[PDB]
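S.K.: Here it is: the structure, laid out below.
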Amino acid sequence: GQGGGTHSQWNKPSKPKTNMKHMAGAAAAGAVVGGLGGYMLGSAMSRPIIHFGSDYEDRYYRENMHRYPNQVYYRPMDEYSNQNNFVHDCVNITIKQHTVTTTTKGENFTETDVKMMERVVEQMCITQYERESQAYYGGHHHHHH
């Protein structure tokens, strides 16, 4: 037999729209340190893989590795009586420099993300503490004769 039910469409359901897409004022360029004033950069060696409790959680952190920085900026002068220039100043300064990105371009990090990077920053800071500072301050330079 046969009957109705068949139907057709020119190509696709559609609705009208203004379709204009002119835009300006949503771009920036340059290596802007902001107001850091020349803080010193650590060592570009891959950060450790943080274990929370089990690999299902670490798996999540591994995907966001491209979201977090892999280096830390610290004060190029130990003004304090011990290396308080390290760790303490670096956990702030790096995060404060990165958060500017969200006010400039709107980057959409969520609270879970920041909680994980606040842990990795500490570890990458512990890593150069024995490397960069050893080469510069540890290697006590002295004049020739």
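The chain as shown is numbered from 1 upward.
Heads up, header says this was done by solution NMR.
Every residue, even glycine, has its Cβ placed from backbone N, Cα and C.
Annotations for this protein, taken from Swiss-Prot, read as follows:
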{"type": "DISULFID", "residues": "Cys90-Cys125", "note": "disulfide bond"}
{"type": "CARBOHYD", "residues": "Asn92", "note": "N-linked glycosylation site"}
{"type": "CARBOHYD", "residues": "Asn108", "note": "N-linked glycosylation site"}
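The PDB entry lists these features:
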{"type": "SEQADV", "residues": "138-145", "note": "expression tag"}
S.K.: Of all the disulfide-bonded residues given, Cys90, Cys125, which has the fewest Cβ neighbours within 10 Å once its own Cβ is left out?
M.R.: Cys125
S.K.: Counting other Cβ atoms within 10 Å of each Cβ, which of the glycosylation sites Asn92, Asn108 scores lowest?
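M.R.: Relative to the other glycosylation sites in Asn92, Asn108, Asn108 has the fewest Cβ atoms within 10 Å.
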S.K.: Where the distance is taken from Cα to Cα, which of the recorded positions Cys90, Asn92, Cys125 turns out closest to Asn108 (N-linked glycosylation site)?
M.R.: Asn92
S.K.: In three-state terms from DSSP, label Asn92 (N-linked glycosylation site) for me.
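M.R.: In the DSSP reduction, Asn92 (N-linked glycosylation site) maps to helix.
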